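Asks: Would you mind keeping the following structure in view while I ask a few things?
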Amino acid sequence: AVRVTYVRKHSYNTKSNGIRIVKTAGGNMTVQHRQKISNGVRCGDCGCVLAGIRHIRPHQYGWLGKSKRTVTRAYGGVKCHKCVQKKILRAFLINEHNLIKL
Amino acid sequence: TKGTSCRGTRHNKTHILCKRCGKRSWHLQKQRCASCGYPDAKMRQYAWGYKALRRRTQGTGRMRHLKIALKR
Amino acid sequence: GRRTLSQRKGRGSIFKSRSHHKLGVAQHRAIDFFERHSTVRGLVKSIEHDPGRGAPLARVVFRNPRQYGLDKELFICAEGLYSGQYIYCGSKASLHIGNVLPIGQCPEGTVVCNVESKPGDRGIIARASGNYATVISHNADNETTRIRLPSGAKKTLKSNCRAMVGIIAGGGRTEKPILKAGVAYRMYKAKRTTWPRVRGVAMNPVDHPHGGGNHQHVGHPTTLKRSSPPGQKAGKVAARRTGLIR
Amino acid sequence: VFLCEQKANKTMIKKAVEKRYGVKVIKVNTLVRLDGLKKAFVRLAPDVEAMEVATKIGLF
Amino acid sequence: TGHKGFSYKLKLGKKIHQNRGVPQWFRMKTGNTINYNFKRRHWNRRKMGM
RNA sequence: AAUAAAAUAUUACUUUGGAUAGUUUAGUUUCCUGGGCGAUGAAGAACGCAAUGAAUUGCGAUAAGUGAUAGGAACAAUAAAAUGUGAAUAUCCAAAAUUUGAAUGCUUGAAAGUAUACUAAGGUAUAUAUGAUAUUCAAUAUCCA
RNA sequence: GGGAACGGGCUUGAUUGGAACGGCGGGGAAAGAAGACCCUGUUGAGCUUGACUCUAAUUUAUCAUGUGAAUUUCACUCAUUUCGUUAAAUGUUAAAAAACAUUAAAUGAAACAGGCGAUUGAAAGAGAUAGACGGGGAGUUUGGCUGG
RNA sequence: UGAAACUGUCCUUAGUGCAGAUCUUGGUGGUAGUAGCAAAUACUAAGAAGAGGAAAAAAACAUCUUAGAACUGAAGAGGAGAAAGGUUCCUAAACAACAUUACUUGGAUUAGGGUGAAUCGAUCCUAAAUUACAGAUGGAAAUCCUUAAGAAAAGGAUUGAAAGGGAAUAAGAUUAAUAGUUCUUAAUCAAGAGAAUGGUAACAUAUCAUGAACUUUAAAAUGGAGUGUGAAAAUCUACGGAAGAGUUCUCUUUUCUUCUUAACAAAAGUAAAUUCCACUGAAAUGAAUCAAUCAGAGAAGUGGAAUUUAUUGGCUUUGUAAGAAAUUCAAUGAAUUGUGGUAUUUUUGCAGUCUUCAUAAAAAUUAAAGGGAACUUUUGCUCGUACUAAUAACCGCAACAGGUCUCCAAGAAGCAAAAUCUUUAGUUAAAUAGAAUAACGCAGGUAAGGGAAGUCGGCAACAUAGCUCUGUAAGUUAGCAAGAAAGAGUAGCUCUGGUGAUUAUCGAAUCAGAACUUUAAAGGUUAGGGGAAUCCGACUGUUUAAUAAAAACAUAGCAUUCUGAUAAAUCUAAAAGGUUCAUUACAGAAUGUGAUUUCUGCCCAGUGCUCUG
RNA sequence: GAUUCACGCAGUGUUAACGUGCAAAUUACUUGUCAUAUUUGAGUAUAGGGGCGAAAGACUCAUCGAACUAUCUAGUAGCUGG
């Protein structure tokens, strides 16, 4: 039973001041600043989270590999696969409908 | 509890030191000095405070470049 | 004497509106050629809840016809509008629910909500929850049409005023009895500061003109002239008839 | 450890030590004391020994 | 306080520098009546209010 | 009925206290002469500088002082050094004059900073209104090809 | 006892040894406060009201000269009011589908107006003079004799 | 006595004569060696230093070491922060003054020393809000607008958070004090410098695998309640130990301590939840949770994909890394560091459920898409960093029993973070003690017989109290009254049975029952007195800080009046000025009564208000 | 916007203690309350015939039925004291 203290000057349990207590050599227990929990991306039509893209910080996406922040498909990364399957049929069935209408 | 009990939460300063007069008279919330009339261009002088004039006016300081001109 | 609570409400120190989480100004789109002489197509992206009003606000997303890019808007939701809808807002638009039309095209008896008061001010009349104004007639001689406001008064408007067809959503809001004090206190979350209202007769003579003596009463008639000075204007102002209506 | 003027920084102090004593500096740590003097903790290169520089200055 | 601005730390530094007594040699002059500093203060007697 | 421990009364000497007496580099009033500040940066504020200073006085990175002209042998609390090849001292002079302040490149809370052009650090100019001149433009406002 | 009518001091008596420790509340008409209750101020202040005398607000009439006409009633816009935009096609001639739409190929994409687009409009608002209203507000007053 | 000025007469002049003003200022008495120096459980013995325990008990003795005895008892009298203070921090010398005695002690005197950042904050962005040039208003001071009025600023200026958003750091060691700041080791970030494949699909490839103008999407970015569960840490515990410590004349294979590991990265092994994809197409309807909930716009089954789970990839494991550290032995050198748990709590995530006339922020900054225009090395500047954070460092005139925002959290016991006791940590001093044991007191108690006869009044005090079982009236808004009232049981020891997982073993506190014994059992601490009526207020709620806490104020309900928005109310001396209004009659403004049920009667003469006369 | 225990907070009663106190309003026991009309920190807004007020003439730096400070001001007093 070791009682720890905040290592930064922040003394209030705010969202940005979350800490985790870990063990350390010799039974000492130290303090670590753990990061916040973030949301993933969302489809631009249905508002559902997209698969294949991790839920990390906005700047942390820059450090990811160029294939670790997209999905290899038309409108990949901004619309779900259901959100895109319907786009193609709209863009095609409509063209056939007004091809013969006029 | 209007006396000793309520005097415990006085730690939020209101007046800090001013820049043109040097007194602790800069009201943080009003953003103006109560003793030397800050950002207002004119030095704040009132005739009812005849003592507050002789506490800080011409002649009370070093007179770095005026003691020379009058001598000449 | 003092300055009564109606005199301190005009300065705006603590009585300003608590409009911080409000979505925005709900109104039509700016007048232009493509709406004066043609129709546009708007997509109702999603229905939202603007705090401080009982009528949902719909986020319509048009296309910029003169330039490249979207022209996002903010429309008060008429009842029946759903996500993914197509609403056309033009002079030649079809008389459906949600389609904005000039008031001069609607047949007599058509229901129009959010009617303008003057062509181009983007919505004045019949904006609250569950309210609507009904067209009455037309007059092609001077291009003016009569409508019946929700208060029952009938007003004459130019035929170019736009008015979204239908009734406003969120109707029948007030039929629910606020049961507690807390529910009535949370209703003013996004409004001004006026809920706990202390009676004039429960006040000292300085604060309110009704400040009574050894018995809690008024003492002088509450029906006042309209030309009273501010501060003494209390009770009922220019009352044509008082008491219960029998 | 020196006592520099406040208006310098960790750049014109790093050159001033190198130029005045002919040494190599790899780290400068500074603080502003209450009196206004800035105390600089100039760390010399591993090859150069601060003991022979200190005797040259006259500390010992 | 823990966090003081630069223009505020240098004014505290002068108020500890001025909180010193008369030097010994000064009092031994001729006709020297300046035996004690009457502008002095302490942290627990008088808060300097600044 | 009695003792004077306490109490009271007078005088002397001493104490706590600073009245009285002697003095005054301080004032008050009157009159005479001037009434001589500032974008070439004032008045005021802040910080800093003595071999040993805390105040104060003097002064401003050339710091209780520098150059020049007058001046003639000192300063002193203590040790030092310099000095008739000129120590003290004086001045309407020359050089210099930190951060601020009308404050004036933007910001200025107790704020740490910072942009462009000229001559890495350094120094310059750039706020608002305004007269004159020069140059670049706008309006078909009036003519006109 | 008399006295200012309830004395520690005065008059006539009773009675009296110096100093003062623990207690306790009868006395010192004990201490605390230029009576707060009452009265006198030709002393105030809050509050009220058809008390006196005024005042902001509100309201009504007159003056302040747009044009075309037939004090009053009409038409127009040109001052003026209320607005809206990215001053973005004003005037006149010739609901099947929650998707995209841009940096043009070869004049394409029509011109002209003395009005950015509308509303109100010589009425309204601000000023001056005059009448009304006005405790919302300011200033002031509310006699005397008197078995209090 | 004193040591350098002064006196008498005439005239003139005055800041000219003190016992009183509750007079002003300065000083000093009696009271008086009196009242006091009494909350915070508490000190004792030996030794050292010191002038400072001597003495006919002068019954008491400050600082430091050790031993004995104790208190705060982990929501601390512990370890650290924000605000405030400003040198109080550490060391040495020293004690005239100050800490209601004294002090060798001190937050006190004097002199030295101390605050180290590319990674923590400020700096950067915006919130409620704030202020400039030009403009409008104003006799004037100055006021208003903040993107509207502008030849100003691709679209709109400045300030505004050390608790909001944010590029990047850890472990061990060191100093009389500083350390995410120094040293060793090990990393990370920013700015530079040197027109591709695979899978049916979900989607995937140690930067790779081009991608300008313009546009869009997303992240940053968001209420609360309650349930279930994954993981880590703490506590408890099972098997096997290694080292040391405690008890031992009575026993105990016994009781206790140590057995640990970071930032950042890797992929031996292996999880829970959710959302998708491919094959087939559900009825005799199924699938599933504590609860739900889901399916022919497609359930269940099989095989896959993605994301969350305190850094990479969640847990074990590995590099870092044992060379560190902890516990021992020897006098610098040597030894060890397995495996579990269907236990309780805390922390952090996930899943759905519930509630709103509440829907619970913005920008900096970053990524992707639509479109097709054309491995090494360098630098990382400025400012804060000491100390208290309180029964002694802040505010209260002070070492004032008052006030002041937070993080970490062991055992016993219980439903409980309750009361009571202890472990790590802090302290034994915090306005002085000794003696005697009178009255009158403050605080805490007990009592024969009676039991409110005391008194304005059961004021004060006493009494009931936890849990299990049985039972529970009138009235009623049908919800409540209700823990109504009333009665029975409860200890100790030895046993038995019920409630599960895997194929006999293993694990949990929980319920029930039976013998036998006694001092007949909740009561050390915590811990409802009950009933019958009447008045007021409907209820939860708020108020005269410092004599009034309610029957007052509020409140949901009922009802009244004006207003079409260029309006109603209404601030300003004025104003393209301001508030409700980011609004529009289910709205804005002005009022009276005060839940529900029942009912609001007659009166328009008077005074108001209104009129289409 | 149910009943209660706890951390906290208040101030119902003793009209207890203290009343030249620890305190220019505090202490002890008893009592109530102890999350949604809840408690609280920082920043910002509202200022004197004004502000704010679930309304007590309450709060507005120990000051309120009109704050503090300075100028008019040595205000006037037929009234008390010298």
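Asks: Could you state the number of Å between the C-alpha centres of the stretch C:125-150 and the stretch C:1-40?
Replies: Value for the Cα centre distance between the two parts: 22 Å.
Asks: Amide H of D:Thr30: which non-local residues (sequence gap of 5 or more, or other chain) have their own amide H closer than 5 Å, using H built in the peptide plane?
Replies: Under 5 Å from the amide H of D:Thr30 lie the amide H atoms of D:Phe41, each far enough along the sequence or on another chain.
Asks: Would you please give the residues with an amide H less than 5 Å from that of C:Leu43, counting only those at least 5 places away or on a separate chain, with H modeled from the backbone geometry?
Replies: Answer set, sorted by chain and number: C:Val61, C:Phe62, C:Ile87.
Asks: Using only DSSP helix segments of four residues or longer, with each worth -39500 (n - 2.57), what per-residue ellipticity at 222 nm results for chain E after dividing by its residue count and rounding to 500?
Replies: Result for chain E: -7500 deg cm²/dmol, rounded to the nearest 500.
Asks: What angle do you read, to the nearest 10 degrees and between 0 and 90, between the alpha-carbon axis of helix A:81-101 and the longest principal axis of chain A?
Replies: 20
Asks: Could you please rank A:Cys80, C:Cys77, placing first whichever residue has the fewest other Cβ atoms within 10 Å of its Cβ?
Replies: A:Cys80, C:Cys77
Asks: Which of A:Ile21, C:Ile147 has the fewest other C-beta atoms within 10 Å, and how do the rest follow up to the most?
Replies: Going from sparsest to densest Cβ surroundings: A:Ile21, C:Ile147.
Asks: Against the longest principal axis of chain E, how steep is helix E:6-17, in degrees 0 to 90 to the nearest 10, with axes from Cα atoms?
Replies: Compared with the principal axis, the helix lies near 30 degrees.
Asks: If you don't mind, another one. With runs of 4+ DSSP H residues as the only contributors, calculate the mean residue ellipticity of chain C at 222 nm using -39,500 (n - 2.57) per run, divided by the residue total and rounded to the nearest 500.
Replies: After summing the helix terms and dividing by the residues of chain C, the value is -1000 deg cm²/dmol.
Asks: List the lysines whose Cα sits under 19 Å from the Cα of E:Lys11, skipping any in the same chain fewer than 8 residues away.
Replies: B:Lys13, B:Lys19, B:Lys23, D:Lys7, D:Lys38, D:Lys39, E:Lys39, E:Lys47
Asks: Still on this structure, I have one more. For chain B, list the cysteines whose Cβ sits under 4.7 Å from no other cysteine Cβ?
Replies: B:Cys6, each lacking another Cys Cβ under 4.7 Å.
Asks: Next question. What ranking do C:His21, C:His210 get, fewest neighbouring Cβ atoms within 10 angstrom at the top? Write down the numbers at each step before the final one.
Replies: Details: C:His21 10, C:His210 20.
In order of increasing Cβ crowding within 10 Å: C:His21, C:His210.
Asks: Please find, in a Gaussian network model of chain C (springs between Cα atoms separated by less than 10 Å), the residue of C:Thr174, C:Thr193, C:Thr39 whose mean-square fluctuation is greatest.
Replies: Taking springs between Cα atoms under 10 Å, the residue moving most is C:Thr174.
Asks: Then there's this: Checking the cross-link filter: which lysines have an alpha carbon closer than 25 Å to that of C:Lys233, excluding same-chain neighbours under 8 positions apart?
Replies: Qualifying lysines at Cα under 25 Å: C:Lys9, C:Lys16, C:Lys191, C:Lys225.
Asks: To continue, here is another question. So, in Å, what gap is there between the alpha-carbon centers of the stretch C:202-246 and chain E?
Replies: So the separation of the two Cα centres works out to 68 Å.
Asks: If you filter the stretch A:1-67 for chymotrypsin sites (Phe, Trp or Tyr not before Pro), then keep DSSP loop positions with at most 14 other Cβ within 10 Å, what is left? Numbers along the way, then the final one.
Replies: Values: sites: A:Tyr6, A:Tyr12, A:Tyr61, A:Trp63; in loops: A:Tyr6, A:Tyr12.
Filter output for the stretch A:1-67: A:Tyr6, A:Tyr12.
Asks: Next up: Can you list the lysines whose alpha carbon sits under 24 Å from that of A:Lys79, skipping same-chain ones fewer than 8 residues off?
Replies: List returned: A:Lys66, A:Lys68, A:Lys87, C:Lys45, C:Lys72.
Asks: Taking the Cα centre of chain B as the origin and placing charges on Cβ (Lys, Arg +1; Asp, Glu -1), which of B:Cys21, B:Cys6, B:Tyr46 is farthest toward the positive end of the dipole?
Replies: Result: B:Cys21.
Asks: Output wanted: per-residue J couplings in Hz (rounded whole) for the stretch B:35-49, from phi through Karplus 6.51 cos²θ - 1.76 cosθ + 1.60, θ = phi - 60°, x for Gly and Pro.
Replies: 3J(HN,Hα) across the stretch B:35-49, in whole Hz: 10, 10, x, 6, x, 2, 5, 6, 4, 7, 10, 10, 6, 6, x.
Asks: Among the chymotrypsin sites (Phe, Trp or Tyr not before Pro) in chain B, which ones are in a DSSP loop with at most 15 other Cβ atoms within 10 Å of the Cβ? Mind listing them?
Replies: Details: sites: B:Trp26, B:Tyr46, B:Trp48, B:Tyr50; in loops: B:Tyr46, B:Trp48.
In loop regions of chain B (DSSP not H, G, I, E or B), the sparsely surrounded chymotrypsin sites (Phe, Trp or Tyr not before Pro) are B:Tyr46, B:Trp48.
Heads up, the Cβs are rebuilt from the backbone with ideal geometry, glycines too, and the neighbour counts pull from every protein chain shown. FYI, it's all coordinate maths here, none of it is from the lab.
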